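> fold the stuff below for me.
(chains A, B, C, D and E, ligands or ions: 4)
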Amino acid sequence: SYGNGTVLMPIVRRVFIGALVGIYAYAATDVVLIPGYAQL
Amino acid sequence: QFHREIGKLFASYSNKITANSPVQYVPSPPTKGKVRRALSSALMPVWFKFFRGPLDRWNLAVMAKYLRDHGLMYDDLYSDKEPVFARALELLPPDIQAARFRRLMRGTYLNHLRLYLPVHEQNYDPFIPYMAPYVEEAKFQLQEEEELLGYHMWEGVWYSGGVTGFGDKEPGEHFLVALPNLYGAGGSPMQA
Amino acid sequence: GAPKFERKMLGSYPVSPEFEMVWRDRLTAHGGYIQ
Amino acid sequence: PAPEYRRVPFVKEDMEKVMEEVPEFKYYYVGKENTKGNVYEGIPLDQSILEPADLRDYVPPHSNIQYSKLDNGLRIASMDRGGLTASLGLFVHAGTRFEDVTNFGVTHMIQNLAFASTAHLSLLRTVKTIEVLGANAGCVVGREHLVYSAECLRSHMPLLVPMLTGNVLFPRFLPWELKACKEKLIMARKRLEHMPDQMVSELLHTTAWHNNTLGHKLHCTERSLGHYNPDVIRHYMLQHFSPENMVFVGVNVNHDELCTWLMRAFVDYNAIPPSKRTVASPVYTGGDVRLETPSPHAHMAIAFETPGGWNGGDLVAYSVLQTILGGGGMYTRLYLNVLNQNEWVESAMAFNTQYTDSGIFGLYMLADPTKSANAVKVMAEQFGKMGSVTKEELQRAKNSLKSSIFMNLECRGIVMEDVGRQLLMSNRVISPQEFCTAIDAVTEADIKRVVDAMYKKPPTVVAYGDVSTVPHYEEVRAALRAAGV
Amino acid sequence: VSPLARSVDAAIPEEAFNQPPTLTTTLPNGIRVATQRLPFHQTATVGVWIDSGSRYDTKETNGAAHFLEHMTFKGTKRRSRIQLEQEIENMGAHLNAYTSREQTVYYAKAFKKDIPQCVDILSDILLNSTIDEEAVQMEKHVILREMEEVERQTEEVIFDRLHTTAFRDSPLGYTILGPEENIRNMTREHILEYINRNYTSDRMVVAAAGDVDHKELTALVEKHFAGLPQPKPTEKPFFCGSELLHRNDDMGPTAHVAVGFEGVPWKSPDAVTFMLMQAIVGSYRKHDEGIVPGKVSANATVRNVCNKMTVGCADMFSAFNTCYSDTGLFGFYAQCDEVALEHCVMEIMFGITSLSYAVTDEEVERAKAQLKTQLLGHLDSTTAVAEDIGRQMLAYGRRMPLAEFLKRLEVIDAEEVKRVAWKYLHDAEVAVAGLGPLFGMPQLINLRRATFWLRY
Ligand SMILES: CCCCCCCCCCCCCCCCCC(=O)OC[C@H](COP(=O)([O-])OCC(O)COP(=O)([O-])OC[C@@H](COC(=O)CCCCCCCCCCCCCCCCC)OC(=O)CCCCCCCCCCCCCCCCC)OC(=O)CCCCCCCCCCCCCCCCC
Ligand SMILES: CCCCCCCCCCCCCCCCCC(=O)OC[C@H](COP(=O)([O-])OCC(O)COP(=O)([O-])OC[C@@H](COC(=O)CCCCCCCCCCCCCCCCC)OC(=O)CCCCCCCCCCCCCCCCC)OC(=O)CCCCCCCCCCCCCCCCC
Ligand SMILES: CCCCCCCCCCCCCCCCCC(=O)OC[C@H](COP(=O)([O-])OCC(O)COP(=O)([O-])OC[C@@H](COC(=O)CCCCCCCCCCCCCCCCC)OC(=O)CCCCCCCCCCCCCCCCC)OC(=O)CCCCCCCCCCCCCCCCC
Ligand SMILES: [Zn+2]
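Residues are numbered from 1 along each chain as shown, chains lettered A, B, ... in the order given. Ligands and ions are numbered 1, 2, ... in the order given. There you are, the coordinates:
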């Protein structure tokens, strides 16, 4: 917002949301899908 | 010329968005796709009777009783650490303002004692929207400032005047501008 | 540091924190000068 | 004779076709479509870059005034001189001489609220848009008029007519804007404390017409900050801001577009309804007043009333006499007979201020503060011998005044305000040729015939600064009496 | 599709092209005549513009140029002083003159029927003035009093001292009035030597505007200026980076400052861009403000200044650009409180340094709008037009029509401004002058290292 000094927490917000999307994608690939393809 | 070319990309996209503008109010497109609307509409008779109905009734019972114990209204739950509501409170008239002050005092004292009020003190509706006309005005006023001033990432002088320089307008609200003085008696921003 | 009769300012604009030491040591230019 | 106004009828149109006539306007620049850059890079400025396509064969515009009227009452006047920048102005017949004991200060409040929030625009958006178009705009209060005006390229006129008319059509007067704008009511006078000349002007006015009409102050006093509530402002506006009390004037715009965009402004809405107001005649009191302060001169002024003011027939006599005496040259009566014969005067001047139905005319001087009693004697002699004139000076003055008349109207803003002010004052514009024909007719006798009438009411006397040696009221009036005034 | 995309678009109005012509002609002796006729005016302006000033004094007689400006009104071979003054006044006309570092100007206003007489008078006082020694020895009183008064107008002394400290090695340094001892030592032979070295036909142009006909004016000039004599390498002035500070604590709380950079000549291609940069930085006054509060203004420099310490740190500031025949100056002037001076100055330096890194097209277009309003808004009266004719005739050898100026201004975008600034202003030398309570004042090296940012 205009007239405010908080400028570094928004960046961390976007980075964190990014990182969680990342982690969940990789976890689905690692723990579920790759084994599943051995059971498919 | 890299910059002017990417300019061209941005400009064409903006012109597309501009060309599709309506000239009058048009109802918003639904919030959910047709698949989920179909599924909800199918499962309504069970879901609303068994689960959603009682959930939404229990919720209001809980809220009402907690507000009545203390004698608060619902719009007494909003803070003034919220810019929009701070503006709304600035725009209030004397009587509403005084009554809000009084109710907050009483609620603090009652939560300290942890004593219920008599049931004859609890005969009122807590969910009246008494702040609405002022919140809408606050929203208008604070939206226009974003539109007319906040549309770019402005550049400043760093660590000068007690402000970091990246956008703040109140001194020493951030750690790297703490401790403004080493001698003397200090001072306050409100007395400049 | 400086005597109180030297560190009395003519202006009235608030001294910014980063200039503290600058105005604790203010001195008058008796007679003026050119540099 | 009043001008024959052309009618402009109201018509209602499809907005999506009217939107094809709106100028283009941008506030964001999301990228840019043109990539060619500076196409004249490296070309010196003494080497032309025009192609033969951009040459033209010149056709002048026609520059006699055009007069029109909307159906609701609004009068419109326009001229074009083919300049690139236009001048736009709205004139309202709401000065301070129309206030009373319950109203004092309301006009200043309205002026201090110009370009604030209205029905369809906010204050912030309004002023920011005016800034970004590149324009300069403002509002001015007088004793008989209130004026709004703006100025920028002529192609932006359709975007400026709303913002000027808004202020009189539908302001909101939200409390938190009134409250925030209050300090500007006091600074207006706080700055007058270092403008002695203007200060003396105000003293003259309040002493000449004590406590009535033109006498009222142009500012909010402390007593004026009570009735600073929206209902008084709104009730005052309902009595004055009706269309038939207004004029809209434009210079360097095409008249049919001006008429069209003005008509399109009032077509949807109800304007303030008319009122058959009446105005009282000023009562001239005269009198005497002093105000001491460390200034190193004795500032003095003496004045007499002009009966009838701008509506009196002798408007030309006073304006010629002022140039015989010496306006605000070096062969003038005061310059020769005062400034070149006394060592202790810094400046002597004749002043002339006129209003719709009364005025004043007098002399002003700055002197060594030890010799004020001599200053009064000099002024008394001068007043003593205004009655009589010789034809050399009279011809000098008439020629000088003609020159000044013609050369002052070579400037668009002055022309705009002149035309406006005249239309408000008497519903007619006097073209400079007519002013010259009137000047030429002034006789040697008429000067005496006017001054003999000027001296029939008591004087107005003001002193300012180091007044430590100024004679007493009776002494001043006896000095004037001895000199035959 | 949408009506919001159907708006009228006219960057340059048709009136910019439909303007009356400027007519030019060169006489055999080298004198140039220029004219433009304006149907909507009753009077006219006519005068002479001369390509000489104080830059063409010699260091021994510095101040002669300005003395001659007074002498030319003292009497001629044909008419006495009393006769000359009465023949000025009996026309009911105006006559003005002035001189500068590079240019000197005389002009009058009159109705058409009196243009001949005016020309005559002008020629007379330019060609045939009697510089009597017993009148030179009296004008010294008036010139000394004039200098006495000039020292009280602070802005002008600040700019003079900026020129003094910037152009140490060149006659641009010279002040127009000249030193005191030179005013006392001035002598007829010095004045006549200045005349006979600078008043040649190649250096003069005659211009008019209003209700004027080019043919009659050319004939009149041919008739009267037949007696003007005909004419018979130089290097770029060096710009020094230095300060010249007058500390004084007995003149109240306010400090005055001016800062300057090296500019470009009249004829340079980038001149227009410089005219634009001056507008991008703009100006501010705390006393009188229009209708936009400074704290919300679209100009970012004003906005940053007005929000400093919540009270704002300046009384007044204004930028400027000046172009000369072979060089220029570019900078700003300011007034502020003793304790605000530091911020008062460094904010505006940050302003000017932004032009090379971060400016955007919102700002460029705002500045274009304001610049156009200003310049196109002045050129209304006959005097402004005649002055513009003569000024451009001397500066360019021509007059540039409005359409050309607008077309060249239109195509400048942000990247072009950000190129020119990077060419001339980034990491440059600066010159400084100041007066008053300068205890706050920054170092020269501070102002010089300000011209670049270490960020980026
Ligand atoms: C095993 C599996 C699991 C793994 C773990 C997974 C964990 C996931 C969850 C993560 C949780 C959150 C982590 C932190 C996120 C921070 C985000 C952020 O930037 O917030 C902005 C936010 C403010 O943003 P804003 O509101 O936009 O305000 C704008 C202002 O302009 C902003 O200015 P301001 O003045 O208002 O703010 C203060 C300013 C300035 O603050 C200061 O100046 C304070 C300086 C204090 C120094 C004291 C010594 C500290 C030594 C490091 C200790 C690390 C311990 C780690 C724990 C594990 C140990 C094994 O600091 C900042 O802005 C933050 C800078 C970044 C902080 C990073 C902290 C974590 C890493 C640090 C260590 C890096 C590794 C190398 C060194 C390791 C040595 C052991 O700031 C905070 O909330 C920070 C709060 C304080 C916490 C940090 C304190 C330590 C500071 C260290 C600074 C770097 C130097 C390190 C030493 C190097 C030399 C040895
Ligand atoms: C102790 C400090 C030392 C003193 C000096 C200060 C040092 C700081 C210098 C670095 C800053 C350079 C960048 C200049 C930006 C200028 C922009 C501008 O015009 O200003 C207005 C603008 C705010 O105006 P506004 O747009 O109206 O405000 C609305 C909000 O910003 C909300 O806006 P929004 O929601 O619309 O979203 C906007 C957002 C949209 O974009 C995003 O949100 C993108 C998110 C994508 C996720 C990826 C992460 C993005 C962050 C990148 C971090 C990489 C840098 C580190 C590289 C390490 C290399 C070893 O825009 C950006 O993120 C663009 C700016 C991002 C730049 C951040 C990195 C700059 C550092 C470059 C130098 C790196 C060397 C470091 C060396 C190692 C030591 C640290 O300024 C900023 O946004 C500030 C950005 C820079 C961060 C603040 C600087 C830190 C100050 C605290 C010191 C903490 C130190 C802790 C250590 C303690 C030790 C004991
Ligand atoms: C034992 C530990 C000891 C630690 C000691 C550390 C000392 C460092 C001091 C930092 C510098 C001073 C900061 C004051 C800034 C004042 C605030 C301000 O307004 O500034 C505006 C200014 C921006 O300029 P502007 O506003 O555009 O206008 C400027 C004016 O026009 C014209 O400018 P001006 O005339 O106004 O002057 C401005 C001046 C203001 O200062 C002054 O006026 C006073 C002088 C400053 C202090 C000078 C002494 C410091 C000694 C430096 C060497 C320390 C080495 C320590 C190594 C420990 C070994 C055990 O600032 C500077 O010029 C400072 C330049 C030096 C800082 C940059 C160093 C970063 C290089 C990183 C290279 C990558 C290395 C990676 C490998 C790991 C290495 C460990 O801000 C700056 O640029 C200041 C520096 C910002 C920090 C950048 C990021 C730093 C992080 C580096 C990477 C960390 C590596 C760690 C990884 C380890 C791997 C194992
Ligand atoms: Zn002089």
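
> now do the strands in chain B.
With strands called from DSSP state E, chain B shows none.

> point me to the residue of it nearest chain A.
Here chain B gets closest to chain A at one residue, residue B:168, 2.7 Å apart by C-beta to the nearest C-beta. Where C-beta positions appear, they are placed from N, C-alpha and C, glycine not excepted.

> wait, doesn't that residue sit right on residue A:4?
Yes. Using C-beta atoms under 8 Å, residue B:168 makes contact with residue A:4 at a distance of 6.8 Å.

> the two: which is more packed in?
Between residue B:168 and residue A:4, counted using other C-beta atoms under 10 Å in any protein chain shown, residue B:168 has the larger neighbour count: 20 against 14.

> residues near the residue nearest to that one when sequence neighbours are not counted, how many?
In space, and not counting its chain neighbours, residue B:168 is closest to residue A:5: 2.7 Å by C-beta to C-beta, 6 or more residues apart in numbering or on different chains. By other C-beta under 10 Å, the residues close to residue A:5 number 16.

> pretty sure residue A:5 sits against residue B:163.
Yes. Applying C-beta under 8 Å as the test, residue A:5 and residue B:163 come out as touching, 6.9 Å apart.

> between those two, what contacts are shared?
Common neighbours of residue A:5 and residue B:163 (criterion: C-beta atoms under 8 Å, 6 or more residues apart in numbering or on different chains): B:169, B:170.

> quick check, the residue nearest to residue B:168 in a strand?
No. In this structure, residue A:5 is coil, not part of a strand, as judged by DSSP: H, G, I helix; E, B strand; the rest coil.

> give the contact list for whichever residue of chain E sits closest to ligand 2.
At 6.3 Å from ligand 2, residue E:455 is the closest residue in chain E, using C-beta to the nearest ligand atom. The neighbours of residue E:455, taking C-beta under 8 Å, 6+ apart as the test, are residue B:158.

> and it, which of the three is it?
Criterion first, three-state DSSP; result for residue E:455: coil.

> again with residue E:102
coil.

> neighbours of it, how many?
19.

> now swap in residue E:218 and tell me
The number of residues near residue E:218, taken as other C-beta under 10 Å, comes to 19.

> separation between it and ligand 3?
Using C-beta to the nearest ligand atom, to the nearest Å, residue E:218 is found at 57 Å from ligand 3.

> which element is that residue on?
helix E:214-224 (DSSP states H and E).

> any idea which element residue E:33 lies in?
Using DSSP H and E, residue E:33 sits in strand E:32-36.

> try residue E:142
Assigned by DSSP H and E, residue E:142 belongs to helix E:133-150.

> chain center to that helix: distance?
25 Å (C-alpha atoms, centre = their mean, to the nearest Å).

> repeat for stretch D:57-71
For stretch D:57-71, the distance to the chain centre is 24 Å (C-alpha atoms, centre = their mean).

> enumerate the positions of the longest helix belonging to chain A that are buried.
Longest helix in chain A, counting residues (DSSP state H): helix A:9-27. Judged by neighbour count (16 or more other C-beta atoms under 10 Å in any protein chain shown), helix A:9-27 contains no buried residues.

> over to stretch E:59-77?
E:61-76.

> tell me what the host helix or strand of residue D:421 is packed against?
Using DSSP H and E, residue D:421 maps to helix D:412-426. With contacts defined as 3 or more C-beta pairs under 8 Å, 6 or more residues apart in numbering or on different chains; DSSP states H and E, helix D:412-426 has these neighbours: strand D:75-79, strand D:85-92, strand D:146-153, strand D:246-251.

> between the ones you listed, which one is closest to ligand 1.
When the helices and strands packed on helix D:412-426 are compared by C-beta to the nearest ligand atom, strand D:146-153 sits nearest ligand 1, at 40.7 Å.

> could you measure from the spatially most central residue of chain C over to chain E?
Centroid check for chain C by C-alpha atoms, centre = their mean gives residue C:26 as the closest residue, at 2.8 Å. Separation of residue C:26 from chain E (C-beta to the nearest C-beta, to the nearest Å): 6 Å.

> and the longest helix along chain B, C-alpha only, in PDB?
Using DSSP H, we find that the single longest helix of chain B is helix B:94-113. Coordinates of the C-alpha atoms in helix B:94-113 are reproduced here as PDB (Å, rounded to 0.1, in the frame of the first residue of the first chain):
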ATOM      1  CA  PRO B  94     -20.100  11.500  18.600                       C
ATOM      2  CA  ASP B  95     -22.900   9.300  20.000                       C
ATOM      3  CA  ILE B  96     -22.000   6.100  18.200                       C
ATOM      4  CA  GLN B  97     -18.300   6.700  19.100                       C
ATOM      5  CA  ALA B  98     -19.000   7.200  22.800                       C
ATOM      6  CA  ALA B  99     -21.300   4.200  23.100                       C
ATOM      7  CA  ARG B 100     -18.600   2.000  21.400                       C
ATOM      8  CA  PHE B 101     -16.000   3.200  23.900                       C
ATOM      9  CA  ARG B 102     -18.300   2.400  26.900                       C
ATOM     10  CA  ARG B 103     -19.200  -1.100  25.600                       C
ATOM     11  CA  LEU B 104     -15.500  -1.900  25.200                       C
ATOM     12  CA  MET B 105     -14.700  -0.800  28.700                       C
ATOM     13  CA  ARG B 106     -17.500  -2.900  30.200                       C
ATOM     14  CA  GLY B 107     -16.500  -5.900  28.200                       C
ATOM     15  CA  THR B 108     -12.900  -5.700  29.400                       C
ATOM     16  CA  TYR B 109     -14.100  -5.500  33.000                       C
ATOM     17  CA  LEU B 110     -16.500  -8.400  32.700                       C
ATOM     18  CA  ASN B 111     -13.900 -10.700  31.000                       C
ATOM     19  CA  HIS B 112     -11.600  -9.800  33.900                       C
ATOM     20  CA  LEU B 113     -14.200 -10.800  36.500                       C
END
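
> mind listing what's buried in that helix?
B:100, B:107, B:110.

> what's the nearest residue to the residue of chain B found nearest chain C if we skip its chain neighbours?
Chain B approaches chain C most closely through residue B:180 (3.9 Å), counting by C-beta to the nearest C-beta. Counting by C-beta to C-beta, 6+ apart, residue B:180 lies nearest to residue C:17, which is 3.9 Å off, once chain neighbours are set aside.
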